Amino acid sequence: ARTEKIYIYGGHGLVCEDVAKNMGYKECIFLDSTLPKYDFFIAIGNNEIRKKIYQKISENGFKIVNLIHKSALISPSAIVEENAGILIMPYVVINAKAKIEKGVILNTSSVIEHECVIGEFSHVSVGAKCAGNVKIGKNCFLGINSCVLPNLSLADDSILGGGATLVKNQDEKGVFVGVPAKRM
């Protein structure tokens, strides 16, 4: 049972506020002890800080909810960890049997195809797409309009640049870049 107010810890904060209000929260209290135990969310885009704050807030008896825009479409057979500080932005689609772990950010219009696993505290940017059966490690970043082809795995702590297309399995962490626009 979600509370009527929500604390938002953390730009990215106002965006999370919009998602909270979309869900039906009546009031958002920004933060950046003895307070009432309203639902909490951590609006920090940075994976490492988000995890640290997650641990601290959880240890002080707060429920860290998921913020999921009403327009996000989630398959009934998908698994989204409950009360796990996951952000799911508008027009995200999560297909059959995909699994989203705690603290993940799925930003606007990202797509998680069937049977994917998105590792804890990963950040999937606007328009990024994961094809079927893709495994994204913990603490990964997939840049804007990036994509990962079917059946591929990306190791923990990796970065996929904006516009970049991952085409091979990567069992060691790394940084994988796309081609930048060139001035003519």
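The numbering used is simple: start at 1 and walk along the sequence shown. What we label the rigid core is the largest C-alpha set whose atoms superpose within 1.5 Å from one form to the other.
The higher RMS C-alpha distance to the shown form in 7 other deposited structures of this protein, out of 63-71 and 33-41, belongs to 33-41, with every structure fitted on the core.
Count the deposited residues lacking coordinates between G10 and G11 and you get 1 to 3 of them. Per the record, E48 and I49 are directly connected, as no deposited residue between them is missing from the model. Remark: stretch with higher mean C-alpha B factor among 54-62 and 140-148 is 54-62. Here 39-47 and 116-124 are compared by their mean Cα B-factor, and 39-47 comes out higher.
The PDB entry assigns its highest CA temperature factor, among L31, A155, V134, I68, to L31. Highest C-alpha temperature factor among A1, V177, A181, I6, as the PDB entry reports it: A1. Ranked by C-alpha B-factor against the other modelled residues of its chain, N169 falls in the highest third. When the modelled residues of the chain are ordered by C-alpha B-factor, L160 sits in the lowest third.
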